Amino acid sequence: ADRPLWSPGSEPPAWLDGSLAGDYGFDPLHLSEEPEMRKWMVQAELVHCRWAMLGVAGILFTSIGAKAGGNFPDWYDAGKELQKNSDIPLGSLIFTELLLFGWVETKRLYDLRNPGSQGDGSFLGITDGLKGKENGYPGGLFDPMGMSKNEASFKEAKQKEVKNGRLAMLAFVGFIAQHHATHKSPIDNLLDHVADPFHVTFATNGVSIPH
Amino acid sequence: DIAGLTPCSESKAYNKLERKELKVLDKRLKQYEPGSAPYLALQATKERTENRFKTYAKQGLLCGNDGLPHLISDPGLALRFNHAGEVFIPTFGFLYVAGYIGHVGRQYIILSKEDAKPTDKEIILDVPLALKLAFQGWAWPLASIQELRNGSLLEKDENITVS
Amino acid sequence: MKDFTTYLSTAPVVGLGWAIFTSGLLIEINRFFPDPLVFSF
Amino acid sequence: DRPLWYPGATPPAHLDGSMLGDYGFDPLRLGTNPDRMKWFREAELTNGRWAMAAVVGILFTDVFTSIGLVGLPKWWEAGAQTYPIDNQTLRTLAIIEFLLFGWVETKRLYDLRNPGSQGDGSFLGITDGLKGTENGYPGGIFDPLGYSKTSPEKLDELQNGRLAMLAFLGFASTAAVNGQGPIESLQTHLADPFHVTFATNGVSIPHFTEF
Amino acid sequence: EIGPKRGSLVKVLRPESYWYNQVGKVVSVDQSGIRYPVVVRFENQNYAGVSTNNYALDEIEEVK
């Protein structure tokens, strides 16, 4: 009786009311019920959003470049033809990626178990920065612009990145579903639908056609 | 030359057995077209069968009058030759894994003897404790020998006997 | 959720999770590595 | 205690006590018992001190070989060059090694057992100098360079010994799969840093990089 | 005043007893006077499923 819910009239869960950004009381499988699993899942969803947004942005920009005339492959089968004629071998690229990501994902991990553990100044004497402002929102060094030093603006600005990330990760499932059917770029599926709405789904393989 | 056995490449019976197996495979391989699935399955089977017979004959493993391989299990005959892998290192690998397992299980069952109603912990395990101990036992030879010199594994004759 | 995680310490867990891990590991080792009967050296 | 191995939130249990090169690294809890810790300390000392005098024979001797000043062989066959030599003290080497070591290793053993316990008339007139100040740190050996107050330079020795043990482990792992020597691998890796990498030699998966 | 302090754990030396050489707390040392005054209580069951038993004072001994 204080916030919009996902199902109008249903009783919101008793383990989440208004503290988390993007809270609508949607949890039917009783997940993140304990404080620790919720502290885990919050930052898990946050990282999912922060990767889905970058992925969808890159995909859409490369697709618009390809449709406009740029030398850009589509989002699918792009790691196959960018590796054939590249100076950096596969494997030597994968383990470079994993070596650079382990060192940062580990520091991201142990700031979840004990916040502020990274701001002791052992890494290049960085003390003020590298200190977890909240569960999954660090600051100081990752926030060069003073755009989170006000709760009135921050509680309202963080409640929209979760929505944009949820929408972006729903769009990423659209990218996959929208490829196994048409085998065309995501921007191509758009222009083939605005120019003629009659070319809507349920026309190629969405529904079974034995008759 | 040991035990009257001969290296397994010079065994006419071994090659005769390989040819027999290949003929038996091909006689029913010729039943299907080269495009269907069963044909590819038989092709891959023949692939790894030829691979069986080729890869064995390296570094030396003795086959007898029957042409089949025969494992040498004596240390000393696996030495002075090249047979230390027949069964000499597998022994140490199993000893390592069995140690690992027993060490972890013992330290678990000991650390549970302190809390109230340990029987419950034997039907409702402590999954995180078991996972922790599972990723700490791969130094058990070090811990075992020095825990033996320690004396924390000998019970000072305080158990139930009848005689 | 809590009672479910507690239930997940019995026969329907390791003893299933275990021995499923082990069957999978052994089958994968015998699949990628087709037919071992002696060590490399 | 000097900086911790994990920068953030990993509490040590029994490594709060003072000791040389202590960064709180003991994940498997192998040094809980103080007597076994006291033994493993000398273990490190003897391993590190031995690997440093070994890697120098592999590093400082092969740097001149690559430059072309000297024609010494690589270490993975320096052992095979010896006995074919004309004046070759054949392999009565190993057993005389064992004898000459044993006689000293037993003295060090009994000194660790009864620290600084050398009889008065046991060794001709040099019994006096054989008493060691501490375990693994004897007096009579270093002529200069020990009478300072800043005796905690042992940190340098321990860090260099650990680095040299890693060096020799890397030497043995390289000269086994790369086929070449350490200096040669380093030079090829500076020549082309993206192709000569452990990913191409050592791991079985990336060998299937079929586009 | 006769037997060990109540709440203090003690072992058993009855040669024919399921519980032998292992420790068990005392319920109440019978002060009224009887040949088997010490009533010891054990958590683990026996072949019959009984948890407690009374023993003589010449049989029980000190702690580990």
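Chains here go by letter, A, B, C, D and E, matching the order in which they are written, and residues are numbered from 1 within each.
FYI, a residue touches a chain if its C-beta (ideal position, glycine included) is under 8 Å from a C-beta of that chain, and two chains touch if they have at least 3 such contacts.
Participant: How short can a path of touching chains from chain A to chain E be, counted in steps?
Facilitator: Minimal hop count between chain A and chain E: 3.
Participant: Please list the single chain whose C-alpha centre lies closest to the global protein C-alpha centre.
Facilitator: C
Participant: Quick one: which chain's Cα centre is the longest way from chain B's?
Facilitator: Following the centroid criterion, the farthest chain would be E.
Participant: Using CA atom averages as chain centres, what separation in Å is found between chain A and chain C?
Facilitator: Inter-chain centre distance comes to 33 Å.
Participant: Can you work out the whole-Å distance between the CA centroids of chain A and chain B?
Facilitator: Distance between chain centres, rounded to whole Å: 45 Å.
Participant: Quick check: how many Å separate the C-alpha centres of chain D and chain E?
Facilitator: Computed value for the inter-centroid distance: 59 Å.
Participant: Between chain A and chain D, what is the separation of their C-alpha centroids in Å?
Facilitator: So the centre of chain A lies 47 Å away from the centre of chain D.
Participant: Can you list the chain C residues in contact with two or more other chains?
Facilitator: none
Participant: So which stretches of chain D touch two or more other chains?
Facilitator: None at all.
Participant: Of all possible chain pairs, which ones touch?
Facilitator: A-C, A-D, B-C, B-D, B-E
Participant: State the interface residues of chain D toward chain B in the complex, per the touch definition above.
Facilitator: Against chain B, chain D makes touches at 27-30, 33, 36, 39.
Participant: Applying the document's contact rule, which stretches of chain B touch chain C when the two form their complex?
Facilitator: Spelled out, the residues of chain B in touch with chain C are 48, 51-52, 55-56, 59, 61, 69, 71, 82, 84-86, 89-90, 123-127, 130.
Participant: Write out the stretch or stretches of chain A touching chain D in their complex.
Facilitator: Answer in residue numbers: 80, 83-84, 87-92, 94-95, 107, 110-111, 113-114, 117-118, 120, 122-123.
Participant: Looking at the complex, which residues from chain B come into contact with chain D?
Facilitator: For chain B paired with chain D, touching residues are 136, 138-139, 142-143, 146, 150.
Participant: Name, in rising order, each residue of chain D that touches chain A in their complex.
Facilitator: Touch list, chain D to chain A: 3-4, 6-10, 194-195, 197-200, 203, 205-206, 209, 211.
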